[PDB]
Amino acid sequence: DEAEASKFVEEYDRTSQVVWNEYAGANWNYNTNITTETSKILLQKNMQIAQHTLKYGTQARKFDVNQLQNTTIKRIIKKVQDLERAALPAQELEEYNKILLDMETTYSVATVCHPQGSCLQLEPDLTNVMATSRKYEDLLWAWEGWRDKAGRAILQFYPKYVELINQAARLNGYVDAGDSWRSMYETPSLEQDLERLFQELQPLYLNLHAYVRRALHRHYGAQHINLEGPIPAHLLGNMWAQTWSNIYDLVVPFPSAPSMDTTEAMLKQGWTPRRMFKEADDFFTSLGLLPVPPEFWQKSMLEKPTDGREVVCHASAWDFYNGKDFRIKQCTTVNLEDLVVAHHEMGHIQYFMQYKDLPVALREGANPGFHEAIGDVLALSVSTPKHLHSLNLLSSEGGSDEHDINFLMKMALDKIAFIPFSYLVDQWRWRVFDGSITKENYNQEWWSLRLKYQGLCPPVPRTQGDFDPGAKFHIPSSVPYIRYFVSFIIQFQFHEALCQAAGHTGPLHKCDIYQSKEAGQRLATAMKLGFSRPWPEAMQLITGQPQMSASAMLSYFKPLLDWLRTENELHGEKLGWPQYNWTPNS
């Protein structure tokens, strides 16, 4: 009996490597070359991999997992019993695959056009507008235009997507798709734990929000910013107001401590997308971690194609399930923001390489947030003024309190501002999946949460037909989002532990773990576990303790919280948005 279970997982592993490797190649080809042909082939591979999943998932369900003794085999079989979309009847499965393909293609090819003028894509064109324009009406054009063209066009698909993804989840023993997604963390207390973490970061976020709101009031005018209300959502330098670092120039704490233009520095010094990924590779290997294989450099897509091909530009990392072939797909732009993204994606590749010898059912991160956090941890060190100066992208900014607070502010605009956004995305989707939000109030409930958690308001009142969640990649692409909230909490925990491992002393935000073999060994031992053990074990290997905790992030930003409280108190800011019902008059 035990022996039948072992043979089963051995046969599952052999056949899954072959089938998954073939699917990965067809998915890569559509993603790097959106055409009618590659679409058709992808859909055919969907059915071939569904046939495999159904064959083996049906066998796995014949095992009473309770009677199995070996915990690793127990764990693999339990996972294989979840067929995901392959549980759907053939008709519904075909419909679901086409729905996902149609949503992804619609988002990827959407454009915003001036009347008898240029037509702009999201990347790079509209993202550049949101990042650099300081004109209220030009920002509004790009903000509304993207939602009009991308979001509104996804709405026709979303109710059917929800019905089918929930149907699949119920057929695999869950109550709805959000239940299925949350179960990937294997943490019954997940919702309460995340809410406790969110509340711990409220002092920092509320003080940052009030400080930024005052600076926007200075620039965009008292008639357009309510100092006791929510912030208009198009003024934060980013299409989704999920990171605010592009308005640093408007909110710099000490303008007498100017910082070099890092984009112009990268461009003036002939940086390229390949250089950016090569620097990321060197950081990983300085820790004693693994280099990406030569094949990686020949097969990856590290910039947008010149030949006009439609592609999925959103950055992503690809495991082809043969232990040899790993790739990144990114429409890379030469700036600091994309340098961080490059490290993010290279962290995925490192995880792939570290757990490549596990059975494929266990070739995942300890939980989804762990997978998203690895590259971000290294990027925290890359972003320090000391490291950027070593790359000739900043002048020597050391030993200045003013430069110190300026750097903490730059980091806060990315890391702290993202916390409430990363929280609310799946608060919304979980309630869509469980039926608390219907298609009659998709958009109203999205903005209720944008207000409640981020303190933002739409610059233009929304109307029937709007589907603003559809204008955010992960919604039409059906990529879970709470992983990024988890990642942003634990990456600071990891940073703090690795800095301690490296012998660093003094303020956590001054730590640079470059070349620390001790830091590397912490990360490798945990990554090698893949998904073979509950994630608290990986947390323990890295940090010396088993819990998710906001204390490290709070420690990192403590000098900024002190400065923000003093600054906001001096100006008499009312934290939060008591006038929560305010929206722009013009």
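Numbers follow the displayed sequence, beginning with 1.
Participant: For the higher mean C-alpha B factor in the entry, choose 183-191 or 114-122.
Facilitator: The stretch with the larger average C-alpha B-factor is 114-122.
Participant: Do the C-alpha atoms of 467-475 or of 276-284 have the higher average B factor in the entry?
Facilitator: Averaged over C-alpha atoms, the B-factors run higher in 276-284.
Participant: Sorting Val334, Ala317, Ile374, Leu451 by Cα temperature factor from the record, which one lands on top?
Facilitator: Spelled out: the listed residue with the top C-alpha B-factor is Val334.
Participant: Which listed residue, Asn392, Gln167, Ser381, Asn226, has the largest C-alpha temperature factor in the record?
Facilitator: Answer for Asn392, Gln167, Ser381, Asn226: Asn392, with the highest C-alpha B-factor.
Participant: Pull the Cα B-factor of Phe296 out of the PDB entry and bin it into the chain's lowest, middle or highest third.
Facilitator: For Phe296, the deposited C-alpha B-factor lands in the highest third.
Participant: According to the PDB entry, is the CA B factor of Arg327 in the bottom, middle or top third of its chain, that is, lowest, middle or highest?
Facilitator: For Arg327, whose C-alpha B-factor we compare with every modelled residue in the chain, the answer is the middle third.
Participant: Using the B-factors in the PDB entry, rank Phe485's C-alpha atom against the chain and give the third, lowest, middle or highest.
Facilitator: As the PDB entry reports it, the C-alpha B-factor of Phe485 lands in the lowest third of its chain.
Participant: By the record's CA B-factor, is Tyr321 among the lowest, middle or highest third of residues in the chain?
Facilitator: Highest third.
Participant: Select lowest, middle or highest to describe the third in which the CA B-factor of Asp176 falls within its chain in this entry.
Facilitator: Tercile = lowest for this residue's CA B-factor.
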